[PDB]
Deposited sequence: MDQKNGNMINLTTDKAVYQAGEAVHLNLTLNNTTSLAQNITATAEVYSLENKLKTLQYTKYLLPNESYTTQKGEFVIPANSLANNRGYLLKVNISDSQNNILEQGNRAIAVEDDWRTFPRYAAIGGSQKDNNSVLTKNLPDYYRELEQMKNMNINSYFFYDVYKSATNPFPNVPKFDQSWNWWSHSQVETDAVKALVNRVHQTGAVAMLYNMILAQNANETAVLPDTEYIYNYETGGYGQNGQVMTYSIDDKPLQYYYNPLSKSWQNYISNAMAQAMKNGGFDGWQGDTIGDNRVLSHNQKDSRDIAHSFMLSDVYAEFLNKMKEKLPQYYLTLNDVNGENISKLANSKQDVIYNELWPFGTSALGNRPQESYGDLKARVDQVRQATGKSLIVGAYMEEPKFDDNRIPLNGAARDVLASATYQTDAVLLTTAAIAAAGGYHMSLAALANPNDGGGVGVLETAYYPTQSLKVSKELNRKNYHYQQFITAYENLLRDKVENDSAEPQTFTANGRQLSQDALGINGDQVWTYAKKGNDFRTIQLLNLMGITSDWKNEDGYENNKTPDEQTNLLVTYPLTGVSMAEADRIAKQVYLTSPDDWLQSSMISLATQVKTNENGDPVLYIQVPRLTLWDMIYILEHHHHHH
């Protein structure tokens, strides 16, 4: 629509007023009063109705000014998501335009992280440049209105041991493919704009690395050595990425001191709020004093000392946020007690699934990883799950279907991206998918991460995907309390049927496609049922095949969902049955919430069972059931 609803910030403290600006357009041929109505909802409850009316001539528009739409300080509870439902109507109450916008109120980003990337521009050798600020700014306005509360600044650093010096420009000289440069004033402008929105800025940097094209900052007593000759060189040899990088022992007091101090100054120079920690990978290793030993009990695994290393960084950088990418997410058990402010895992389909002996290649393996992290830590997993990743050989020969799409100048497959975002969010996580890259292929909106090198956008973001990403972000914010606020897997097993009794929910794990993937969650006060549409489609989350493997599932209508009230008396069942709602970020609802027709019956076991009527399922529905 053209409401161009905007807020003054991405996120609010409870003691803050929300300033809304919206445009009333007389898109009719008649001069008349045009009314904007904004209903404030907290889940199913309408808290307030705001409104504003102006007489407008045909084609005349008016953007509200500071003060005309305001949610006053202290009217909303802390650490909650709200939904503003906006309608612009004419003087006969016809609806001319409509749009829904979430509002996030929170102390800070760590409870419900909604993390987006910022990186260099492909059209400029991947550089971060002052001249690209207008495009970054337009992208950041969109991110702000999607309630983004944090940004991962990808490759804005000089070298791993000298991350952000006070110089006007440096060369990421380690970058041989594009010879990117960083203008530091551009990085600072971006950090400042992020801060105006109320968001935080995280600096990406490795935690153990010393670049190739530079000199050792410490002597070799502080390096880490290979136990076994393999991918990183010979046993008794300094742990070497190949020749590009060596690595220090995480138990080296001198390295800990060095990198903590280097990062303290870098973050201070940029105005960064914390450190997005990275590592390449795990290795069995020896200290310098053990480097000639062959006794495996004198060796150790890197991931085994990550926690203690992070705890040192936290102690040494107390005012800064901290997280460490656990590639594939395999070490939560070792990292559970570490002083990370948020949990971040980059997930690849070839990693081992939290479900056990299978690759994490399906939507259900994404849920399993989110769940495993919540069980271990109480926190919402931020997931890096890059979409499609078109790959070519050395002669531009497409190696997957997504690369064939690239050659056809095609778009990301919209529903493939949305389905992965839904899978992660429905489980209680957050899919870090959106990027501000000043990249032409994003068509004026935000980009979708496609590969570990964030700046790369080989496919175009259609206007459809851009608009639906926006709806999805609103849904993820507005319903955060239902998705990931003291919300756990439910032992009760809902199922989904066609209006004729054909069972559609076939695999609650979400490993298999061609189903309505159906499972329940429980909160203190309520139950939810996630329905994810995989009818007629496969369950692979990455869609490496692009459009060769269609990811638009068969739309469903008039579904029946059953939900057993295992504990419950027949008394509360008829109460509960009157308080069943559904919401969806898909076009038919766009986070609006509707009342569902429900009957109570009794199942094979003897419990009461809700028979819930679901009008429509496009990609993702959430049923919400109040139990008090």
Counting from 1 along the deposited sequence, give me every gap where there's no C-alpha, start to finish. 1 to 6, 249 to 252, 639 to 643
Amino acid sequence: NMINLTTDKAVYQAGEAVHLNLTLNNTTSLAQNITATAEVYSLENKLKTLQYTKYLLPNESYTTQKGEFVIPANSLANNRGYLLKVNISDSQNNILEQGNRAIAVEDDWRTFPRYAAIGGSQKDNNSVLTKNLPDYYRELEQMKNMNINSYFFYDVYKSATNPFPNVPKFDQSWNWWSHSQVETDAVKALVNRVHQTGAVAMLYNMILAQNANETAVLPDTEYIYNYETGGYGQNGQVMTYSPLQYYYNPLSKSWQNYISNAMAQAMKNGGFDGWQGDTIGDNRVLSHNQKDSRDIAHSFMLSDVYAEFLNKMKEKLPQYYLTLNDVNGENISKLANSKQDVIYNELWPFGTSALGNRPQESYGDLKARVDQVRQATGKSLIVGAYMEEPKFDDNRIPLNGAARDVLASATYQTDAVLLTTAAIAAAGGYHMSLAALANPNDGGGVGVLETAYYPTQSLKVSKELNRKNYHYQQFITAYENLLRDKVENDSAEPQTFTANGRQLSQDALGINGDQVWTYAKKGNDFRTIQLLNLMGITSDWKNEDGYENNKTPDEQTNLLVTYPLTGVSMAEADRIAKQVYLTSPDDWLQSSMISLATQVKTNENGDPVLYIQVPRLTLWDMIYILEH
From here on, numbers count along this sequence of modelled residues.
Identify the stretch, either 416 to 424 or 148 to 156, whose C-alpha atoms have the larger mean B-factor according to the entry. 148 to 156
Look up the CA B-factors in the entry and say which stretch, 177 to 185 or 553 to 561, has the higher mean. 177 to 185
Specify which of 467, 268, 484, 284 carries the largest Cα B factor in the deposited PDB entry. 284
Among 568, 580, 31, 40, single out the one with the highest C-alpha B factor in the record, please. 568
Could you say whether, by C-alpha temperature factor, residue 456 belongs to the lowest, middle or highest third of its chain? middle
Among modelled residues of the same chain, the CA temperature factor third for residue 479: lowest
Going by the CA temperature factor in the PDB record, which third of the chain does residue 51 belong to: lowest, middle or highest? middle
Using the B-factors in the PDB entry, rank residue 25's C-alpha atom against the chain and give the third, lowest, middle or highest. middle
Taking the entry's C-alpha B-factors for this chain, is residue 290 in the lowest, middle or highest third? highest
